[PDB]
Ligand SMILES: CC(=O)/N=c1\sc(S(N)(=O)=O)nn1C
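What follows is one chain in structure tokens, specifically the form deposited without this ligand.
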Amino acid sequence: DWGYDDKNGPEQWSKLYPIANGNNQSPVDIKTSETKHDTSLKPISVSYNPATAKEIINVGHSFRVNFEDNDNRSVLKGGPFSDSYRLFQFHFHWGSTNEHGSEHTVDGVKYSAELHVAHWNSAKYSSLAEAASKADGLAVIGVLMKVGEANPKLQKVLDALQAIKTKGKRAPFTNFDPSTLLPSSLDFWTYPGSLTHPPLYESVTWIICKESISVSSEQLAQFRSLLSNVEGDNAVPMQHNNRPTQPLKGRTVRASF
């Protein structure tokens, strides 16, 4: 399809998905001496309703927690946005070892994993599908995860993994507010960018927290224990799913702080 292996992975994605060398590609390195101040940035506000949580799914390259997105029970507003965005999903990226799992980097530093909390512009568009290709259609919070102490907010998430071990398995995942995973400071950087895997649409406004959150070495072990194959086939552990950083191509990263 496309994947993270040497034959189908990120360096190879341009053959099928030419926008991979576009001008608004995500995974970037944020250089802090080159970010620009902005006084127009509002604080980021999140208000999610735990009753929107729906399901956890093993999609083969990764795993996702989907939320009901039929109404505005769970929205992101403020920051750079005038439209309120509707939460639809969160998931993680991680690497083969502790040294490099994050997608975004800050002054060259690689963290051990990265949380993404994804939203779509429901003031302009009527569905995620319509929003997903539009320049202003997606909003995504990225949070860097620094290996150290066990993070207890991950518990419900990590305990659900044993029920979705192989590709395609899914299960109810209910009554959960993913604003509990966020850092306590909500200082951020913003830039215009992309989905970090195929289709790779340039549709995302990224919100990168300044503050990392923790994760233990054993908690990263549980993510890597997930299986990319379908039940019954030989076990093939999901060892990594992070893309290399991409050239800014003249874009400005703005800091809120």
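Heads up: residue numbers just count along the shown sequence, starting at 1.
The same protein also exists as the form solved in complex with this ligand; that form is not shown, yet it is the one meant from here on.
A.B. asks: Residues in which of 207 to 215, 40 to 48, 192 to 200, 220 to 228 have heavy atoms within 4.5 Å of this ligand in the entry with it bound?
C.D. replies: It is 192 to 200 that comes within 4.5 Å of the partner.
A.B. asks: Given that this ligand is left out here, which of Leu76, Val140, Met145, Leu181 has a heavy atom within 4.5 Å of it in the entry with it bound?
C.D. replies: Result of the distance check: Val140.
A.B. asks: Answer with one of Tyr125, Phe176, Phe81, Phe88: the residue that has a non-hydrogen atom within 4.5 Å of this ligand in the entry with it bound.
C.D. replies: Comparing distances to this ligand in the entry with it bound, the residue within 4.5 Å is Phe88.
A.B. asks: Do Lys167 and this ligand share at least one heavy atom pair within 4.5 Å in the entry with it bound?
C.D. replies: So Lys167 does not count as contacting this ligand.
A.B. asks: If you look in the entry with it bound, which residues in 91 to 119 sit within 4.5 Å of this ligand (heavy atoms)?
C.D. replies: Result: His91, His93, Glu103, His116.
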